[PDB]
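Notes for the one structure printed next.
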Amino acid sequence: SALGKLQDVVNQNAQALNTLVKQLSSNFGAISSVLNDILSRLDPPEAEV
Amino acid sequence: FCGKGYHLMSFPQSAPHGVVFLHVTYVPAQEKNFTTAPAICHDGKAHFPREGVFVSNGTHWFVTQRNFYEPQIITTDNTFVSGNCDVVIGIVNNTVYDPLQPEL
Amino acid sequence: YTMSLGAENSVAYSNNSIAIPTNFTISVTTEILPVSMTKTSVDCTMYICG
Amino acid sequence: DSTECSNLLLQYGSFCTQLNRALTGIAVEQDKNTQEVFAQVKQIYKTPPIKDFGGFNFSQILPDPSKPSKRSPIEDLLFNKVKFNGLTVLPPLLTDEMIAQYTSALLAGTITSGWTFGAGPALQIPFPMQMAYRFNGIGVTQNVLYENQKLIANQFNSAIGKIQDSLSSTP
Ligand SMILES: *[C@@H]1O[C@H](CO)[C@@H](O[C@@H]2O[C@H](CO)[C@@H](O)[C@H](O)[C@H]2NC(C)=O)[C@H](O)[C@H]1NC(C)=O
Ligand SMILES: *[C@@H]1O[C@H](CO)[C@@H](O[C@@H]2O[C@H](CO)[C@@H](O)[C@H](O)[C@H]2NC(C)=O)[C@H](O)[C@H]1NC(C)=O
Ligand SMILES: *[C@@H]1O[C@H](CO)[C@@H](O)[C@H](O)[C@H]1NC(C)=O
Ligand SMILES: *[C@@H]1O[C@H](CO)[C@@H](O)[C@H](O)[C@H]1NC(C)=O
Ligand SMILES: *[C@@H]1O[C@H](CO)[C@@H](O)[C@H](O)[C@H]1NC(C)=O
Ligand SMILES: *[C@@H]1O[C@H](CO)[C@@H](O)[C@H](O)[C@H]1NC(C)=O
């Protein structure tokens, strides 16, 4: 644990990026987290929503 | 600021996204008990140490540097005089040697 | 348990007693500090809309 | 406690996890802050039974044993002067009593051994002699203190008394 001070910085930043990327798998209330599924399934007036 | 103890020097080492400092310090060891006094009374005059502190081994008085025990004879060359022996609290009676005396 | 804050120690204080080191040790200690982070960058439009 | 809301909340990803982690990090830091300031001694130093420091009185900063909290007169003054929604408060690792103990160890160390305990072993020195060294530090010869010891002790003792009077009054 001698160099925990430096490792902690690396770990915190890696964690932040992993979270940022994982959020792209969330729906946020949308029918799908995948943008292509929305465009393929719905006509423009509904896809935009 | 630069490690525990009395700072002597430091050496940098580089590290991944950071720096490591190796701090070299002086640490006192193996202390001994001595009897002390604020001043020495001689010829009605109060003598104070110029650099160190007055200590006694139980029978004899010496003056030594503060951070390392290295006892020396109390002389006019390592003390200074200020005032008489009436003011200082805890002043003790001890001869102060004058290096010129043996010459004259 | 209730933690202790360290060993108890009382200094042999008196009005005419002094302690003086007769020896010393050279000690070397290490101190580690962070200086920088990974320089990340994100393309907003690409992240959001691909 | 609504299941319908909870199921909808899950669709927003890990926002809640991030928020919980941020607050946990702060809570931990608060104990690190206290530890760094107060826990600077590896030993708990005690003052002598006989408070003879050459006329220098420290009774207002040293622990008062008549108090259950074992706080000084000044500390006691300082302390007197200053869920339904899933909100909680966590206790500090160190209690007020433990912090007070650290402070008293620092005071006992300074009074009996000057600065030596902060850089190694605690080495006893007469308080008047410690002050004499501190006078040298500021470019004043030692004899100035020894020849004015009563005056210096009196000025010191009065200054400390003024501190308590100021704090107890100024709102
Ligand atoms: C000051 O301390 C040093 C150790 O830090 C002493 O040196 C050691 O002395 C012992 C014998 O008593 C040897 O066996 C060790 O090998 C020595 N160590 C080193 C690094 O030399 C030194 O003698 C002490 N000085 C005095 C006056 O006691
Ligand atoms: C150190 O100072 C304190 C505070 O001035 C002294 O306590 C006072 O002592 C007198 C005489 O017994 C009492 O009448 C006061 O009421 C005390 N004041 C407080 C706040 O308690 C204490 O006596 C002094 N110690 C020495 C050795 O002089
Ligand atoms: C100095 O004397 C005290 C007792 O008054 C003793 O406890 C302490 O260990 C002594 N210090 C040394 C270095 O011998
Ligand atoms: C004090 O030092 C002197 C000079 O070295 C020596 O003659 C004397 O015996 C010492 N006294 C004691 C108690 O060691
Ligand atoms: C120490 O206190 C005693 C009284 O117990 C006194 O006679 C002596 O002169 C004092 N010494 C110093 C250095 O203050
Ligand atoms: C020091 O010596 C003087 C005489 O030169 C004497 O009057 C005085 O009482 C002595 N002080 C002590 C503490 O013995």
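Lettering and numbering for the structure tokens are positional, with chains as A, B, ... in the shown order, residues counted from 1 in each chain, and ligands counted from 1 in the shown order.
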Discussion item. Within 9 Å of chain A, which residues belong to chain B? Use only C-alpha atoms and report them as a list in words.
Written reply: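 Written out as asked, the residues are residues 15, 16, 17 and 18 of chain B.
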Only N, CA, C and O atoms, please: the residues just picked out, written as a JSON list (two decimals), in the first residue's frame.
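This went into again-v9.json:
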[["chain", "number", "residue", "atom", "x", "y", "z"],
["B", 15, "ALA", "N", 8.01, 9.36, -10.22],
["B", 15, "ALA", "CA", 7.06, 8.26, -10.11],
["B", 15, "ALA", "C", 5.92, 8.48, -11.11],
["B", 15, "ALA", "O", 5.77, 9.58, -11.64],
["B", 16, "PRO", "N", 5.15, 7.45, -11.43],
["B", 16, "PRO", "CA", 3.97, 7.51, -12.27],
["B", 16, "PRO", "C", 3.01, 8.59, -11.80],
["B", 16, "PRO", "O", 2.42, 8.48, -10.72],
["B", 17, "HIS", "N", 2.86, 9.63, -12.61],
["B", 17, "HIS", "CA", 1.95, 10.73, -12.30],
["B", 17, "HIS", "C", 2.20, 11.35, -10.94],
["B", 17, "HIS", "O", 1.27, 11.85, -10.30],
["B", 18, "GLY", "N", 3.46, 11.37, -10.50],
["B", 18, "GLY", "CA", 3.77, 11.92, -9.20],
["B", 18, "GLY", "C", 5.26, 11.96, -8.91],
["B", 18, "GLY", "O", 6.08, 11.65, -9.77]]
Discussion item. Show me, as a ChimeraX atom specification, the residues that have an atom within 9 Å of residue 19 of chain A when counting only C-alpha atoms, minus same-chain residues fewer than 4 positions from it.
Written reply: /A:14-15,23 /D:14,18
Worksheet item: Once you count only C-alpha atoms and all ligand atoms, which residues end up within 7 Å of ligand 5, and could you hand them over as a PyMOL selection string?
Response: (chain B and resi 37-38+89-90) or (chain C and resi 15-16) or (chain D and resi 54)
Could those selected residues go to a file with N, CA, C and O atoms, as a tab-separated table (two decimals), in the first residue's frame?
chain	number	residue	atom	x	y	z
B	37	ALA	N	21.64	25.23	35.09
B	37	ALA	CA	21.49	26.54	35.71
B	37	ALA	C	21.43	27.60	34.62
B	37	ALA	O	22.06	27.43	33.57
B	38	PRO	N	20.68	28.68	34.83
B	38	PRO	CA	20.52	29.81	33.94
B	38	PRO	C	21.78	30.66	33.83
B	38	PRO	O	21.98	31.35	32.83
B	89	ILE	N	17.44	34.38	38.89
B	89	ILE	CA	16.89	33.38	39.79
B	89	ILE	C	17.46	32.00	39.46
B	89	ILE	O	17.28	31.50	38.36
B	90	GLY	N	18.12	31.39	40.44
B	90	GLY	CA	18.66	30.05	40.23
B	90	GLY	C	20.12	30.07	39.80
B	90	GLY	O	20.65	29.05	39.36
C	15	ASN	N	12.76	22.07	37.90
C	15	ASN	CA	13.17	23.47	37.60
C	15	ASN	C	14.68	23.58	37.35
C	15	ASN	O	15.14	24.69	37.03
C	16	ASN	N	15.42	22.47	37.48
C	16	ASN	CA	16.84	22.47	37.25
C	16	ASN	C	17.34	21.20	36.57
C	16	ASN	O	18.51	20.84	36.70
D	54	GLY	N	8.23	28.63	37.03
D	54	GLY	CA	8.98	29.87	37.19
D	54	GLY	C	8.09	31.11	37.19
D	54	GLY	O	8.55	32.20	36.86
Worksheet item: Neighbours of segment 39-53 of chain D within 8 Å (only C-alpha atoms; same-chain residues fewer than 4 positions away dropped), as a ChimeraX atom specification?
Response: /C:5-13,15 /D:34-35,57,101-102,104-106,108-109,111-112,118,126-128
N, CA, C and O atoms of the current selection, written as a compact mmCIF listing (two decimals), in the first residue's frame:
# COMPACT_ATOMS: atom_id res chain seq x y z
N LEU C 5 -4.95 6.36 22.20
CA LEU C 5 -4.41 7.44 21.39
C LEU C 5 -2.89 7.40 21.36
O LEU C 5 -2.26 8.27 20.76
N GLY C 6 -2.31 6.41 22.03
CA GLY C 6 -0.87 6.29 22.10
C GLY C 6 -0.41 5.94 23.50
O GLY C 6 -1.21 5.95 24.44
N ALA C 7 0.86 5.61 23.64
CA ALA C 7 1.43 5.25 24.93
C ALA C 7 1.50 6.46 25.85
O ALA C 7 1.84 7.55 25.41
N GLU C 8 1.22 6.25 27.13
CA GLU C 8 1.34 7.32 28.11
C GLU C 8 2.80 7.58 28.45
O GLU C 8 3.59 6.64 28.61
N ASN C 9 3.15 8.85 28.55
CA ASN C 9 4.53 9.24 28.83
C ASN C 9 4.56 10.55 29.60
O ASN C 9 3.98 11.54 29.18
N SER C 10 5.26 10.57 30.72
CA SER C 10 5.42 11.82 31.43
C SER C 10 6.89 12.21 31.46
O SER C 10 7.76 11.38 31.74
N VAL C 11 7.15 13.47 31.17
CA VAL C 11 8.50 14.00 31.13
C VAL C 11 8.98 14.32 32.53
O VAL C 11 8.24 14.88 33.34
N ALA C 12 10.22 13.95 32.84
CA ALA C 12 10.78 14.15 34.17
C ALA C 12 11.11 15.62 34.39
O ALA C 12 12.28 15.99 34.47
N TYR C 13 10.08 16.44 34.46
CA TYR C 13 10.25 17.88 34.57
C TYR C 13 10.64 18.29 35.97
O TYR C 13 10.04 17.85 36.95
N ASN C 15 12.76 22.07 37.90
CA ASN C 15 13.17 23.47 37.60
C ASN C 15 14.68 23.58 37.35
O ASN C 15 15.14 24.69 37.03
N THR D 34 -9.30 15.74 10.70
CA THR D 34 -9.10 15.81 12.14
C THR D 34 -7.83 15.09 12.56
O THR D 34 -7.09 15.56 13.42
N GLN D 35 -7.58 13.93 11.96
CA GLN D 35 -6.41 13.13 12.30
C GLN D 35 -5.12 13.87 12.00
O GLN D 35 -4.18 13.85 12.79
N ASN D 57 1.92 30.72 34.55
CA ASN D 57 0.68 30.00 34.92
C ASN D 57 -0.04 29.57 33.65
O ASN D 57 -0.28 30.43 32.78
N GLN D 101 -7.79 15.09 24.56
CA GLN D 101 -6.62 14.38 25.05
C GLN D 101 -5.40 14.64 24.17
O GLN D 101 -4.30 14.83 24.67
N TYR D 102 -5.61 14.68 22.85
CA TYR D 102 -4.52 15.00 21.94
C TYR D 102 -3.99 16.40 22.21
O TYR D 102 -2.78 16.61 22.26
N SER D 104 -4.12 18.16 25.01
CA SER D 104 -3.42 18.24 26.28
C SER D 104 -2.03 17.63 26.18
O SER D 104 -1.10 18.09 26.83
N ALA D 105 -1.88 16.59 25.35
CA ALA D 105 -0.58 15.97 25.15
C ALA D 105 0.37 16.94 24.46
O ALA D 105 1.56 16.99 24.77
N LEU D 106 -0.16 17.72 23.53
CA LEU D 106 0.62 18.73 22.83
C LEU D 106 1.05 19.83 23.78
O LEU D 106 2.19 20.29 23.73
N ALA D 108 1.32 19.58 27.15
CA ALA D 108 2.24 19.02 28.12
C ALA D 108 3.62 18.88 27.51
O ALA D 108 4.63 19.18 28.16
N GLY D 109 3.67 18.47 26.25
CA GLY D 109 4.93 18.31 25.54
C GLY D 109 5.65 19.65 25.43
O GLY D 109 6.83 19.75 25.76
N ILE D 111 5.26 22.46 27.15
CA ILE D 111 5.62 23.06 28.42
C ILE D 111 6.84 22.41 29.05
O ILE D 111 7.69 23.09 29.61
N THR D 112 6.92 21.08 28.99
CA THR D 112 7.98 20.37 29.68
C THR D 112 9.21 20.10 28.83
O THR D 112 10.30 19.90 29.38
N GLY D 118 8.84 17.24 19.25
CA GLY D 118 8.27 17.29 17.91
C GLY D 118 9.28 16.82 16.86
O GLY D 118 8.94 16.71 15.68
N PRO D 126 13.77 23.22 32.00
CA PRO D 126 13.10 24.21 32.83
C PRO D 126 12.39 25.22 31.94
O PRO D 126 12.95 25.67 30.94
N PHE D 127 11.16 25.56 32.27
CA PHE D 127 10.38 26.42 31.39
C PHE D 127 11.04 27.78 31.13
O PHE D 127 11.10 28.20 29.98
N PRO D 128 11.55 28.48 32.16
CA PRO D 128 12.25 29.75 32.06
C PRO D 128 13.42 29.65 31.08
O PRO D 128 13.75 30.62 30.40
Worksheet item: Within 9 Å of ligand 3, counting only C-alpha atoms and all ligand atoms, which protein or nucleic acid residues do you find, written as a list in words?
Response: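 Selection of residues at most 9 Å from ligand 3: residues 30, 31, 32, 33 and 34 of chain B; 10, 11, 12, 13, 14, 17, 18, 19, 20 and 21 of chain C; 123 and 124 of chain D.
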Practice prompt. Hey, list the chain B side of the contact with chain D: 12 Å cut-off, only C-alpha atoms, answer as a PyMOL selection string.
Written response: chain B and resi 1-7+25-40+46-55+66-67+79-91
Considering only C-alpha atoms and all ligand atoms, tabulate each residue of chain B that lies at most 8 Å from ligand 6 along with its nearest interatomic pair and the corresponding distance in Å to one decimal; arrange the rows by chain and ascending residue number and present them as a tab-separated table.
residue	atom	partner	partner_atom_place_in_ligand_line	distance
B:41	CA	ligand 6	1 (C)	6.9
B:42	CA	ligand 6	5 (O)	7.5
B:43	CA	ligand 6	5 (O)	7.0
B:44	CA	ligand 6	5 (O)	6.7
B:91	CA	ligand 6	13 (C)	7.4
B:92	CA	ligand 6	13 (C)	5.8
B:93	CA	ligand 6	1 (C)	5.0
Output N, CA, C and O atoms for every residue in the selection just made, as an mmCIF file, in the first residue's frame.
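Result went into result-v9.cif, see below:
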data_model
loop_
_atom_site.group_PDB
_atom_site.id
_atom_site.type_symbol
_atom_site.label_atom_id
_atom_site.label_comp_id
_atom_site.auth_asym_id
_atom_site.auth_seq_id
_atom_site.Cartn_x
_atom_site.Cartn_y
_atom_site.Cartn_z
ATOM 1 N N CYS B 41 27.685 32.354 38.700
ATOM 2 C CA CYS B 41 28.131 33.547 39.464
ATOM 3 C C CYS B 41 29.635 33.450 39.730
ATOM 4 O O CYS B 41 30.066 32.432 40.305
ATOM 5 N N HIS B 42 30.395 34.468 39.321
ATOM 6 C CA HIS B 42 31.832 34.489 39.583
ATOM 7 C C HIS B 42 32.323 35.925 39.684
ATOM 8 O O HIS B 42 32.004 36.763 38.846
ATOM 9 N N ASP B 43 33.067 36.214 40.745
ATOM 10 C CA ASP B 43 33.569 37.563 40.997
ATOM 11 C C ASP B 43 32.436 38.583 41.056
ATOM 12 O O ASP B 43 32.618 39.746 40.704
ATOM 13 N N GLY B 44 31.267 38.141 41.513
ATOM 14 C CA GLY B 44 30.118 39.027 41.682
ATOM 15 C C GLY B 44 29.395 39.303 40.366
ATOM 16 O O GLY B 44 28.467 40.109 40.322
ATOM 17 N N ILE B 91 20.773 31.213 39.940
ATOM 18 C CA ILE B 91 22.184 31.331 39.601
ATOM 19 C C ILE B 91 23.034 30.514 40.570
ATOM 20 O O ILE B 91 22.755 30.481 41.770
ATOM 21 N N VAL B 92 24.056 29.834 40.050
ATOM 22 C CA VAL B 92 24.907 29.007 40.892
ATOM 23 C C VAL B 92 26.337 29.507 40.912
ATOM 24 O O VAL B 92 26.791 30.151 39.960
ATOM 25 N N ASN B 93 27.083 29.215 41.993
ATOM 26 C CA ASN B 93 28.441 29.638 42.162
ATOM 27 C C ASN B 93 29.410 28.645 41.557
ATOM 28 O O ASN B 93 29.431 27.462 41.929
#
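All residues, whether protein, DNA or RNA, that have an atom at most 7 Å from ligand 4 (counting only C-alpha atoms and all ligand atoms) are residues 57, 58, 59 and 60 of chain B.
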Item to complete: May I ask you to write as a ChimeraX atom specification all residues lying at most 10 Å from ligand 1, with only C-alpha atoms and all ligand atoms counted?
Response: /B:29-30 /C:22-26
Practice prompt. Counting only C-alpha atoms, collect the residues of chain D whose closest atom lies at most 10 Å from chain A, and write them out as a ChimeraX atom specification.
Written response: /D:8-15,17-18
